[PDB]
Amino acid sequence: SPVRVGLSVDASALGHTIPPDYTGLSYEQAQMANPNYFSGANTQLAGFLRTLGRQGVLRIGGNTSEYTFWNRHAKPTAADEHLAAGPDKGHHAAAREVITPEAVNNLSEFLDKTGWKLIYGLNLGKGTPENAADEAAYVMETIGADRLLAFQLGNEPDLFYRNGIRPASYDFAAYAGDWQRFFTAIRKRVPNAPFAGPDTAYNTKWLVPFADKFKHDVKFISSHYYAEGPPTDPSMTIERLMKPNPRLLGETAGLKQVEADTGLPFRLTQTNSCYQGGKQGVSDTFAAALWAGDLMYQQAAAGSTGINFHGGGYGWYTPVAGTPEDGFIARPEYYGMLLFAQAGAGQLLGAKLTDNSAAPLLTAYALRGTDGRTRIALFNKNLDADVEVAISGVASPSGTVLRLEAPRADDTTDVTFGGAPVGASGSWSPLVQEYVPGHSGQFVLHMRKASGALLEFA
């Protein structure tokens, strides 16, 4: 029988306001070697992005950003015209790639088709300041100030000391000197170039020193998050993925403190469940939908300006999989992002759970929509417990529910939202209508184990 929990919504308990460009995706820079991928001709992928949000941010970076070499006279290889660059697996050095004017031109058209903004990595790991300045100038020329949100100078510079990009002694002080050299060169070509950083993988010690040094030179602070811990941890499981992550909480507190010290907001510019491209049986499953949707809300509630789920190719954790030649599909994680998209923007409200110790991985978020209607996003991440949620603090004549479902937490397919899969080119509309039982001030929602729900009140 279900665990009977209470949820009290408090319309006076005002949280953060979710911005319209919160959602986003991250891709490997190597993908820019193929001018057909981020292209106005890529209508399938553009549709998948639009379904994730009418505003949002595309970030391009990752390990391959140290292996991409812009040149104004470059041409893609024949193989480049067909490249599908999935998440770098981190086992050895990435292949060298060139980036061309054509690809940047086509990226511009892709951003126009999607309505999304751009965070663009520059090659601080192996490239030169002058080449970065030239690349930045072309990007600014072509993409424009309104769509270019920030350049980033290197990806995960806190890992250069161990991945061959720099010697073992590389540290924040060394990075700060590299950053300044690149910044100076770029600003000579592009005096209005916007920056974010430090784009770190994990090392929270770099946040303070970076922000204090470069606070007048950046628009926002960026860092990364993977749910999987260090290599010496036990292998990630779905059970672990559903549970709170104290490292996340600490990282988020570090970022909040930077904002308190400097005024700079923060964005989680690369995230996913498990590293090395993901873990088959965890990252590519329905549990990842629950994980991702919940993470989006947790971070929004903490004051993040947005998020960018890493992906590409057919990587285990990619939200969207596919290629221009074979087409694109929504993977399970996409459906958690879709729940967020459908909820929309607005101000988060207090949403306190009680009587929930037997269903501790249920999370709930309440929102006053931009349209004035109350929504509640719930993630029943308990893998073995169904819940019955008694909802107080909401007065409405009618509420509806859209369910986020799969038959098993580990399913790699069979994921639906609102009773429907996402179709080709991101097409989605709900096919199952359900009213929330109960009435004004006392609604009652059942949720099966390992499921999610979006409630909308009239």
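Residues carry their position along the shown sequence, with the first being 1.
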May I ask you to compare 425 to 433 and 411 to 419 by their mean CA B factor in the entry and name the higher one? 425 to 433
Of 307 to 315 and 377 to 385, which one has the bigger average CA B-factor? 377 to 385
Looking at 278, 177, 336, 164, which has the highest CA B-factor as recorded? 164
Just the C-alpha B-factor column, please: which of 61, 47, 399, 56 has the biggest number? 399
On the chain's distribution of Cα B-factors, residue 32 falls within the third called middle
Sorting the chain's CA B-factors, does residue 251 end up in the lowest, middle or highest third? middle
How does residue 328 rank on Cα B-factor within its chain, lowest, middle or highest third? lowest
Please place residue 127 in the lowest, middle or highest third of its chain according to the CA B-factor in the PDB entry. middle
If you rank the chain by CA B-factor, which third does residue 206 end up in: lowest, middle or highest? highest
